[PDB]
Amino acid sequence: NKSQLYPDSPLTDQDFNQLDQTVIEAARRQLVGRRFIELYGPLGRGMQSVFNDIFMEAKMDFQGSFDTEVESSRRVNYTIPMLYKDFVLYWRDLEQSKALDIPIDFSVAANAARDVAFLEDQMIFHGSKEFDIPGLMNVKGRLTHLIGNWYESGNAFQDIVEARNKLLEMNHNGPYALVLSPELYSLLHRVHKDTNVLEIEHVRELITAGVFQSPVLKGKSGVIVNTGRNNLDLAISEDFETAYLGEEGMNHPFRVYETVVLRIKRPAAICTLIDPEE
Amino acid sequence: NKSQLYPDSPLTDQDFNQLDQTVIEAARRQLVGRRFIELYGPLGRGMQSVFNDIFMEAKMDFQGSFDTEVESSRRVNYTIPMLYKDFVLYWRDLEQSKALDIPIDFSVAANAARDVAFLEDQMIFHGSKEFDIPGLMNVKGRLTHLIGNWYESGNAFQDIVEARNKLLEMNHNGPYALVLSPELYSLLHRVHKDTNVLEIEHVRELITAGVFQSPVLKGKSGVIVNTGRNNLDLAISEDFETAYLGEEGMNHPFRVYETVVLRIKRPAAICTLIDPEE
Amino acid sequence: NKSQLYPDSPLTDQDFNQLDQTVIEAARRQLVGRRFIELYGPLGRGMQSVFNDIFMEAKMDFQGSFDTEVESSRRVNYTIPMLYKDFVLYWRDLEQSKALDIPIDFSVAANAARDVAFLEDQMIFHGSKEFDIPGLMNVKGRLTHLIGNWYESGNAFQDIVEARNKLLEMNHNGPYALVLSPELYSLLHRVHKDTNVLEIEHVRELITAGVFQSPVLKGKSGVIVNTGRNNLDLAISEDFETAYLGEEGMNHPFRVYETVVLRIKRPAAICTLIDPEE
Amino acid sequence: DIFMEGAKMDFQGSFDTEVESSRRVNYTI
């Protein structure tokens, strides 16, 4: 139990569960990337690094042959980073709660739970320079496309179908997911005079896996990603966890931490709509 | 069990189930043709061939008569083919997984599971020349129709109703299913200026069994098929199965295989929209 | 233990023991680097990577102070390589020997043992390019020194004294080990002028450890290294081992393998003597 | 046997073996 692991803690075993529920519920509503990407299983504390194999660039007969096929692995090694945030709890109110038997207040944790998720999203989208891990935007062989002038009606659909054709020509036919900037989201959901076309019902049919809005993307940009286990995956060593730092003064400081990493096996899947040249 | 059948295999009985689940789940999302065609039961390993009878071209009274009716069978014989694909698993990582007690990775199988399904779809749509089995596109008495100029609004509905009338005149009244090329799919789901008509809500009412998109069809083409047990069926000798080839070097090679065939009893059901003459 | 790992191997337990003894005996003579370098204990198959800390290069007062001061470690990661070699046998000769009651011959394995030992020594001395593992003569801050003519006047003693002086100034003392090319090793037997003893006897007094020659060094060159743990170490994963591959035709193939890596913590414990012409 | 003619280092491993020319001959005592 948590109580035996952490002595000298005013909080009890029941209160630890209530704290954990608040933390996970706060994280759930603000975790965006998890929706269209699967998860690797919890590896444990045994390893600090993982291996990634990059792949870049059937017969019908009565009796089978004896041949076999292989490709270029190009194995690489990646380390697992750590993220954290901390908060503090005052005394002289916890004592009052204990005396009056009323439940304790844990509103503070949500503020850190949101920020850690925001940092994780930024790391996934743009990558880390310290550990030189690649990101979706800066990955090699991303098959860029150019778009412009989304104001007038009917321009967005042509660009979408053009990107889909480029994805198809490389023998990648499957469900697609779309992520767009908040500014482009408003232009998509817009009222056009003399035409009165919603302009999203047509688009929703083809994509079939969802269009999402992310605040990390600052300017006008968008990504179209094929969804599959083979193309990409995400590996977690340990999930959200809470620890008790010590006893300074008379108050109690706490910390929350998490570890995660991303692996991209086939770079050709991703397509990026570059910002307008102007 | 699989373990007794295949000795000298590092994988265990539990891992065989996990492999099978991944293979079947990968096949499920990419198997298209199964939706509008029923399945014959698993025959077994006793037979390698089937017989097909081709049919081409009630009384109300107080007491029944003694008459009977028959038709032309024209029995023919068809053999069952085989399809397969293979993959490899490295060592020195399986040992690490066993030592650390973490679960094993089986991502490779999905790549072959997709390709075998693609080959099966191609065989169903176009047929095989080695065994001279017919296909939907090249079957005799297919009641072709001609279409053109789907760009301007309102042309597609007229062609659809014309094909439906031809199907009806031959005493075939039932649910219909439609399969179209990806290019025609985009033209159907298009935004038309000054008219703002979705143009698919009207069509969806009549078809009543579904409009689908298949990547096998290269150019502009489409098929309308009446759905019934009598008209067509598909016979399976054995479903997706996995086997262990042997022990070369120090790694482990595996194979996946399947057998299937198609029978068309009444050719008149199918209607084909031929590509534009130009 | 044997005949359980390889049930299909024609060789019996006693023959396998003889084969293993013959394999190890050849390598025992050839191995030279392990004489003055320690070894990390076998880690098993769990780990494929290791972490090394490089150190490139107080507080006298009364009771008190509340602070901690640490120094940087420059953490880095490494990957363990694999080396292998193989040999083949025959069946008719084994049958003839069994019929005539003559002991079997295993001469071929000696060549493989010699070849793998000659590669392990070269990897230790010069390093591996693919994994970017530094060698003894390639580490930065190696404290080089330059030599002169050794044919006459007995300048070898002065060169050794000057080389030891730099380590003494840099505060590295204790046991030293000197490795030099055979050409320089031969010349040390010349008489020392005005003393009439051999200069090797004088040099041994300063060295206080074994002086040996290695064929890996080609030109006139030498290295003197301070010998102790926490300066350099060798980590082994698997020792020399022999495996029997799957039989093909009627013959039987075998292979040998082992895995080892090297780490250097303090680059300043080494000195390299360089010829001016080289 | 007259051969009349180096170790390998790899990460994943190898799928093939290596051989040499036996050139067998017979001698009498």
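Could you give, in nm with one decimal, how far C:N17 is from each other copy of that position, shortest first, with labels 7 Å out from Cα toward Cβ?
4.5, 6.2
What list of ³J(HN,Hα) couplings, whole Hz, do you get for the stretch C:3-16 from phi and the Karplus terms 6.51, -1.76, 1.60, once you set θ to phi - 60° and write x for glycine and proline?
These are the phi-based 3J(HN,Hα) values: 6, 9, 6, 10, x, 7, 5, x, 5, 8, 5, 5, 5, 5 Hz.
Taking amide H atoms as placed 1.01 Å from N in the peptide plane, list the residues 5 or more away in sequence, or in a different chain, whose amide H sits under 5 Å from that of C:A235.
Hits under the 5 Å cutoff: C:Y40, C:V261, C:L262, C:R263.
Distance from the Cα centre of the stretch A:120-178 to that of the stretch C:179-205, in angstrom?
Cα centres, the stretch A:120-178 to the stretch C:179-205: 72 Å.
For chain A, please report how many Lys pairs fall under 26 Å Cα to Cα, leaving out neighbours fewer than 8 apart on the same chain.
17
Going by Cα centres, the stretch A:214-253 and the stretch A:43-89 are how many Å apart?
20
For A:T195, place a label point 7 Å out from Cα along the Cα→Cβ vector, do the same in each other copy, and report the separations in nm, one decimal, smallest first.
1.6, 9.9
How far is B:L234 from itself in the other copies, in nm, if each label sits 7 Å out from Cα along the Cα-Cβ line, shortest first?
With the label placed 7 Å along Cα→Cβ, B:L234 yields 3.5, 6.3 nm.
Which of A:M137, A:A269, A:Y185 sits closest to the plus end of the dipole of chain A, meaning its Cα is farthest towards the positive end, when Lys and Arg get +1 and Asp and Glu get -1 on the C-beta?
Of the candidates, A:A269 comes out farthest on the positive side.
What FRET efficiency comes out for the pair C:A209/A:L188, r = Cβ-Cβ distance, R0 = 56 Å, nearest 0.05? Display every interim value, and only then the final one.
Details: r = 78 Å, r/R0 = 1.38.
Calculated value: 0.10.
Between beta-carbons, use under 12 Å as the cut-off and find the net charge around A:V116, counting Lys and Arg +1, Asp and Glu -1.
-4
Using a simple spin-label model with points 7 Å from Cα along the Cα→Cβ vector, what separation in nm is obtained for C:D101 and C:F118?
According to this spin-label approximation, the distance is 4.1 nm.
Using unit Cβ charges (K, R positive; D, E negative) and no other charged atoms, how large, in debye to the nearest 20, is the dipole of the protein assembly as shown about its Cα centre? List each step's numbers first, then the result.
Numbers: 87 positive and 129 negative charges, 152 e Å.
In total the dipole reaches around 740 debye.
In the neighborhood of B:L217, defined by Cβ-to-Cβ distances under 11 Å, what is the net charge if each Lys or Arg adds +1 and each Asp or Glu adds -1?
-1
Would you please give the residues with an amide H less than 5 Å from that of B:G210, counting only those at least 5 places away or on a separate chain, with H modeled from the backbone geometry?
Correct list: B:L178.
Could you list the residues of the stretch A:1-17 with an amide nitrogen less than 19 Å from a label point located 7 Å from the Cα of A:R92 in the Cα-to-C-beta direction?
Output list for this probe position: A:10.
Where both residues lie in the protein assembly as shown, what percent of DSSP beta bridges are antiparallel, nearest 5?
In the protein assembly as shown, DSSP labels about 85 percent of beta bridges as antiparallel.
Determine ³J(HN,Hα), in whole Hz, for all residues of the stretch C:158-165 in sequence, where each value follows from phi through the Karplus function 6.51 cos²θ - 1.76 cosθ + 1.60 and θ = phi - 60°; x replaces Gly and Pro.
5, 4, 5, 4, 5, 5, 5, 4
Using a 10 Å cut-off on Cβ to Cβ distances, tally the other chain neighbours for every residue of C:35-48 and report the average as a whole number.
2
Scan around C:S49 for amide H atoms under 5 Å from its own, H built in the peptide plane at 1.01 Å from N, and keep only partners 5 or more places away or cross-chain.
none
Order these by the 10 Å Cβ neighbour count, fewest first: B:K193, A:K193, D:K8.
A:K193, B:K193, D:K8
Counting other beta carbons within 10 Å of each Cβ, put A:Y90, A:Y185, C:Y257 in order, fewest first.
Values: A:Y90 11, A:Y185 16, C:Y257 19.
Going from least to most buried by this count: A:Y90, A:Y185, C:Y257.
Modelled label-to-label distance, C:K140 and A:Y257, 7 Å Cα→beta-carbon offset: nm?
3.0
Between chain B and chain A, with a rotation axis joining them, whose C-beta in B is nearest that axis, and what is the whole-Å distance?
B:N196, 6
Under a crude label model (7 Å from the Cα following the beta-carbon direction), how far is B:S128 from C:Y40 in nanometres?
5.6
Need one number: % antiparallel among DSSP beta bridges in the stretch A:134-260, to the nearest 5.
The antiparallel fraction comes to roughly 70 percent.
On average, how many beta carbons from a partner chain sit within 10 Å of the beta carbon of a residue in B:93-100?
4
B:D233: net charge of surrounding residues, Cβ under 13 Å, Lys/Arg +1, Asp/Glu -1, itself excluded? Could the numbers behind the result be given before it?
Details: positive: B:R34, B:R229, B:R263, B:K265, B:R266; negative: B:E38, B:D53.
Summing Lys/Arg as +1 and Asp/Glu as -1 gives +3.
FYI, it's all coordinate maths here, none of it is from the lab. A quick note on method: Cβ atoms are made from the backbone with ideal geometry, for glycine too, and the neighbour counts reach across all protein chains shown.
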